[PDB]
Amino acid sequence: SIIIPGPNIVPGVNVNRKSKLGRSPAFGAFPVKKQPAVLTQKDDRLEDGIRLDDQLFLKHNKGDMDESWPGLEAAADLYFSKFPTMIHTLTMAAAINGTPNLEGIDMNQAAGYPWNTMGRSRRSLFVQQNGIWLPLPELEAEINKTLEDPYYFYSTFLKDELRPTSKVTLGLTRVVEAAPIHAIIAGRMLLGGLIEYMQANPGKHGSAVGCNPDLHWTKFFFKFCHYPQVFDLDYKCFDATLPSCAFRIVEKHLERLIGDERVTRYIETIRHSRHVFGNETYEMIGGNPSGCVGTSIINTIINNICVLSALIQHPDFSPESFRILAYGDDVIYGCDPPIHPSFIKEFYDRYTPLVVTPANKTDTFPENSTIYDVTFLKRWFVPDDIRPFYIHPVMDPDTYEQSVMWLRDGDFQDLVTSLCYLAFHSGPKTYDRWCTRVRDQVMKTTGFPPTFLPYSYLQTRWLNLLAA
């Protein structure tokens with residue numbers, strides 16, 4: 001991306017500087033590998049020589065690419081050829097209240113700039129009236145204004161989350177960019193029919209967006225197991241390296257499919273975004289500001305175009321003999337005959353700003369990889385022991401082991417119950433170890449262990465949801 005600093009604005013946006021995370025009663029149940037990210041310069045855990053706000057944008061300002069590399073326009077034509085030839089828009093009412101395959105506006109999220117500086121919550125900008133949300137006139141005016149002549153600021157916040165301890169001391173905390181509510185609804189009107197269509201069939205068009213891993217892991221597994229090899233393709237700084245040339249190609253195709261000229265100038269505000277960080281402002285040329293389900297769809301589409309542009313360079317590529325599955329920067333793919341990830345890294349290094357690296361941190365990719373080796377959405381594909389035709393999404397243990405040791409504003413028992421749905425896919429023995437180790441630590445702290453959903457209950461509910 002390219003960062004262009006702009007003038008300061010008054011009033012600015014109040015940046016979060018106080019974490020809601022704190023140690024849970026289960027703290028110490030597992031070895032401590034993570035701590036909450038540093039949110040303020042005065043945090044004592046920060047290494048003495050480091051400026052926190054400088055660390056937030058290290059991936060950015062490395063450059064932007066405006067010209068297409070070879071195969072990019074051809075790969076996009078191939079990818080979009082499978083789409084319906086007329087994608088519909090959504091009405092403002094459907095964009096606010098949602099559809100069966102698009103969720104309604106979440107009224108508890110912040111409204112973004114400039115509503116936050118005006119003290120106006122998302123809920124204050126709408127009226128609920130027979131169970132249906134309607135915009136207030138001041139917000140309806142900004143929506144129509146954004147559709148016709150978009151101009152709005154993303155709000156930059158610090159991500160309040162657990163980080164590996166070395167990232168805490170180095171101040172390598174991540175940024176969240178919240179789109180304003182009027183820009184979100186306008187984008188849902190222009191792109192919500194595309195989002196509706198894609199989310200209704202997860203795994204189609206190389207996109208897992210909108211999937212439910214408990215149900216769709218079995219579907220994804222059998223669409224990939226027929227390929228002898230399936231590979232991870234991990235990126236470095238994918239959000240920062242997204243080039244303008246990819247955005248312009250997606251604009252041309254989405255405007256053609258949707259048949260509305262306004263989608264190009266809306267997506268142009270994503271490709272060339274404006275941001276407010278406290279009292280400071282800046283422009284980001286290239287790169288992905290996130291903050292939207294539509295940007296997740298756009299990022300996933302751009303990832304499919306970029307991987308396909310490398311795949312078509314291989315002599316053995318066939319249109320009928322490849323499959324990609326992506327969610328933003330997270331990708332797995334397979335081809336018959338196989339096309340090795342090193343072939344993609346070679347093409348990426350020569351023609352593109354994309355940076356792919358092996359998952360193992362090695363200087364080279366694994367020589368062979370199957371559906372059983374890949375990681376997708378932080379989960380492995382593991383067939384059930386008793387019913388091998390059902391596939392478990394097995395989450396990385398460090399996620400729920402570290403997460404149970406920290407708590408936010410919610411009740412601790414509610415956090416434990418929500419983690420049980422993730423942990424139990426590891427199997428009855430690994431699940432019982434996790435429950436037992438949490439129980440022992442909470443017993444030392446409060447003397448009264450929390451309750452855990454039995455493995456037989458979670459497994460029965462999982463099988464019934466797959467057998468329906």
# chains A, B, ... in the order shown; residues from 1 in each chain; ligands from 1

$ residues_around --residues "region 368-378 of chain A" --least-positions-apart "6" --cutoff "6 Å" --atoms "only C-alpha atoms" --output "list in words"
residues 229, 230, 231, 232 and 395 of chain A

$ closest_atom_pairs --of "region 59-95 of chain A" --to "region 131-144 of chain A" --cutoff "12 Å" --atoms "only C-alpha atoms" --output "CSV"
residue,atom,partner,partner_atom,distance
A:91,CA,A:144,CA,11.8
A:92,CA,A:143,CA,8.9
A:93,CA,A:134,CA,7.2
A:94,CA,A:133,CA,9.9
A:95,CA,A:133,CA,10.4

$ write_last_selection --atoms "C-alpha atoms" --output "PDB file, in the first residue's frame"
ATOM      1  CA  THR A  91     -33.060  -2.688  -1.244  1.00  0.00           C
ATOM      2  CA  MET A  92     -32.141  -0.416   1.647  1.00  0.00           C
ATOM      3  CA  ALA A  93     -34.574  -2.358   3.845  1.00  0.00           C
ATOM      4  CA  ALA A  94     -32.966  -5.700   2.970  1.00  0.00           C
ATOM      5  CA  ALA A  95     -29.501  -4.209   3.490  1.00  0.00           C
TER       6      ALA A  95
END

$ residues_around --residues "region 381-387 of chain A" --least-positions-apart "6" --cutoff "12 Å" --atoms "only C-alpha atoms" --output "JSON, numbers by chain"
{"A": [213, 214, 216, 217, 218, 219, 220, 221, 222, 224, 225, 230, 332, 370, 371, 372, 373, 374, 375, 393, 394, 395, 396, 424, 425, 426, 427, 428, 459, 462, 463, 466, 467]}

$ residues_around --residues "region 355-359 of chain A" --least-positions-apart "6" --cutoff "8 Å" --atoms "only C-alpha atoms" --output "mmCIF file with C-alpha atoms, in the first residue's frame"
data_model
loop_
_atom_site.group_PDB
_atom_site.id
_atom_site.type_symbol
_atom_site.label_atom_id
_atom_site.label_comp_id
_atom_site.auth_asym_id
_atom_site.auth_seq_id
_atom_site.Cartn_x
_atom_site.Cartn_y
_atom_site.Cartn_z
ATOM 1 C CA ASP A 232 -1.579 -24.459 2.141
ATOM 2 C CA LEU A 233 -0.664 -21.093 0.610
ATOM 3 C CA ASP A 234 0.069 -18.639 3.419
ATOM 4 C CA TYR A 235 0.707 -14.949 2.766
ATOM 5 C CA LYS A 236 2.706 -12.307 4.571
ATOM 6 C CA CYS A 237 1.001 -8.910 4.881
ATOM 7 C CA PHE A 238 -1.781 -9.894 2.480
ATOM 8 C CA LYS A 345 5.914 -18.378 -5.079
ATOM 9 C CA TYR A 348 4.561 -14.181 -7.297
ATOM 10 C CA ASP A 349 8.153 -13.108 -6.588
ATOM 11 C CA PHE A 365 7.457 -25.702 0.942
ATOM 12 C CA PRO A 366 6.612 -29.234 2.107
#

$ atom_distance --atom1 "CA of residue 113 (chain A)" --atom2 "CA of residue 180 (chain A)"
5.5 Å

$ closest_residue --among "A:269, A:156, A:199, A:364" --to "residue 103 (chain A)" --atoms "only C-alpha atoms"
A:199

$ residues_around --residues "residue 16 (chain A)" --least-positions-apart "5" --cutoff "12 Å" --atoms "only C-alpha atoms" --output "number ranges by chain"
A: 38-40, 155-160, 175-176, 277-278

$ write_last_selection --atoms "N, CA, C and O atoms" --output "CSV table (one decimal), in the first residue's frame"
chain,number,residue,atom,x,y,z
A,38,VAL,N,-0.5,-4.8,23.7
A,38,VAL,CA,-0.3,-3.5,24.2
A,38,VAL,C,-1.2,-2.4,23.5
A,38,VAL,O,-1.1,-2.3,22.3
A,39,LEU,N,-2.0,-1.7,24.3
A,39,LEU,CA,-2.9,-0.7,23.7
A,39,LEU,C,-2.5,0.7,23.9
A,39,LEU,O,-3.0,1.6,23.3
A,40,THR,N,-1.5,1.0,24.8
A,40,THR,CA,-1.1,2.3,25.1
A,40,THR,C,0.4,2.4,25.3
A,40,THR,O,1.1,1.4,25.6
A,155,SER,N,-12.5,4.4,10.7
A,155,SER,CA,-12.0,4.8,12.0
A,155,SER,C,-11.0,3.7,12.4
A,155,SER,O,-11.3,2.5,12.5
A,156,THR,N,-9.8,4.2,12.7
A,156,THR,CA,-8.7,3.2,13.1
A,156,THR,C,-8.7,3.0,14.6
A,156,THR,O,-8.7,4.0,15.4
A,157,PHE,N,-8.8,1.8,15.0
A,157,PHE,CA,-8.7,1.4,16.4
A,157,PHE,C,-7.7,0.3,16.6
A,157,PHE,O,-7.2,-0.3,15.6
A,158,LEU,N,-7.3,0.1,17.8
A,158,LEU,CA,-6.4,-1.0,18.2
A,158,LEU,C,-7.1,-2.3,18.5
A,158,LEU,O,-8.1,-2.2,19.2
A,159,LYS,N,-6.7,-3.4,18.0
A,159,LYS,CA,-7.4,-4.7,18.3
A,159,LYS,C,-7.0,-5.2,19.7
A,159,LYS,O,-5.9,-5.5,20.0
A,160,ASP,N,-8.1,-5.3,20.5
A,160,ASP,CA,-7.9,-5.8,21.9
A,160,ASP,C,-8.0,-7.3,21.9
A,160,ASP,O,-9.1,-7.8,21.8
A,175,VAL,N,-4.4,-3.6,14.0
A,175,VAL,CA,-5.3,-2.5,13.8
A,175,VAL,C,-6.7,-3.0,13.4
A,175,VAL,O,-6.7,-4.0,12.6
A,176,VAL,N,-7.7,-2.4,13.9
A,176,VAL,CA,-9.1,-2.7,13.3
A,176,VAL,C,-9.6,-1.4,12.7
A,176,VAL,O,-9.4,-0.3,13.3
A,277,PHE,N,-7.4,8.3,12.6
A,277,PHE,CA,-6.8,7.6,13.7
A,277,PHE,C,-6.6,8.7,14.8
A,277,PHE,O,-5.6,9.4,14.7
A,278,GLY,N,-7.5,8.6,15.8
A,278,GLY,CA,-7.4,9.7,16.8
A,278,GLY,C,-7.7,11.0,16.2
A,278,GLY,O,-8.9,11.2,15.8
